[PDB]
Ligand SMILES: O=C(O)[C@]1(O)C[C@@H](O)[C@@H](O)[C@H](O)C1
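A single chain, nothing else alongside it, follows as C-alpha cells in the form deposited without the named molecule.
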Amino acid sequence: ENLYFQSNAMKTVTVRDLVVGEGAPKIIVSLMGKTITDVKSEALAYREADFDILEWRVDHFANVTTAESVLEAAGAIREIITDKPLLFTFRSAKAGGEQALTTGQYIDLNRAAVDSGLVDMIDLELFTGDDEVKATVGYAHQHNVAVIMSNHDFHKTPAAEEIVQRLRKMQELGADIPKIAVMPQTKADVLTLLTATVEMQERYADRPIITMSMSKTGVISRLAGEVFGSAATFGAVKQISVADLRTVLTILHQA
C-alpha cells in the first residue's frame, strides 16, 4: 500500500523504501508499450535491469482514454515490479508527448491513477494550469501519492535564473520533486543547466530536484548529480544504458 515520507531538512522523499535525495542519484527507466501485451512484455524485460524507479509513459499507450484499460495496464506492471516505485507519466502533446488529451482529461487521468492505489507517484507538467495542478497535488497527497512536476525545453536552454525560477515554481505548486530537462545548443548550455542545479539546490530547494541537459553533449549532467544536486537520472534498458549509468554513479559515490 502506497506510503511516502519527506524531509525538508534532509531534502529527501522516501517512496516504497527508496530514499530519493540521499546517497547516489537514482536511476529511472521509462516503460513504453502501445498495448497491454507490450506493457506486460516490457515490464518483464525491465525486471532483469538494475534501476530504482519505473516510469510508465502512459502517453505511448493506445487505450489511454479507456479508464479500465489504463487500470489493467498499471496493475500488470505492479504485478511484475512489486518492490520499486512506479511513476505514472502522461507526457502531454504540448510537452512532446505521443498523443493529445485536453487539460480536463489529463487531470482526470492523473486523478484516476491516484485513486487506483497502483502507482506511487504521478507526474504533472508545470504549465498544465496552476489551479488544477494545486487541486491535483492535494488529491495525490490525500491518497499517499507523491508528485513529480516536470518541465521540458527540447530546443534550447533557458538562462540559469529562468531554470531556477521554474524549479521554484514547482516547489510553490507543491511538487515533492521538481524536474527539468533542457536541450543544449552549445557546450556552455550544459554548464548553464549545472549552474541552475547548484543554485537551486543550495539556495532554494527544501526537497530533492531532478535536472538534465539532453543529448550526447549533456550526458555529464546525468552522471554528476551527487556533486551538483540532481537526485535522479534516466537510463535506457534497450541515452546511456542503465548498466553503464550505475557503473559511473557507483564510482562517483565512492568515498
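From 1 onward, residues are counted along the sequence shown.
Just so you know, the form deposited with the named molecule bound exists too; it's not on screen, but the next bit is about it.
For the marked spot (26, 175 and 207), a heavy atom within 4.5 Å of the named molecule in the bound PDB entry is absent from each of the three residues. Residue heavy atoms within 4.5 Å of the named molecule in the bound PDB entry occur in exactly one stretch of 38-46, 190-198, 207-215, 66-74, and that stretch is 207-215. Residue 181 is the only one of 160, 80, 101, 181 with a heavy atom lying within 4.5 Å of the named molecule in the bound PDB entry. Site annotation in the bound PDB entry: the residue of 169, 111, 152, 84 reaching within 4.5 Å of the named molecule with a heavy atom is 152. Under a 4.5 angstroms non-hydrogen atom cutoff, the named molecule in the bound PDB entry has residue 239 among its neighbouring residues. Along 113-133, not one residue places a heavy atom within 4.5 Å of the named molecule in the bound PDB entry.
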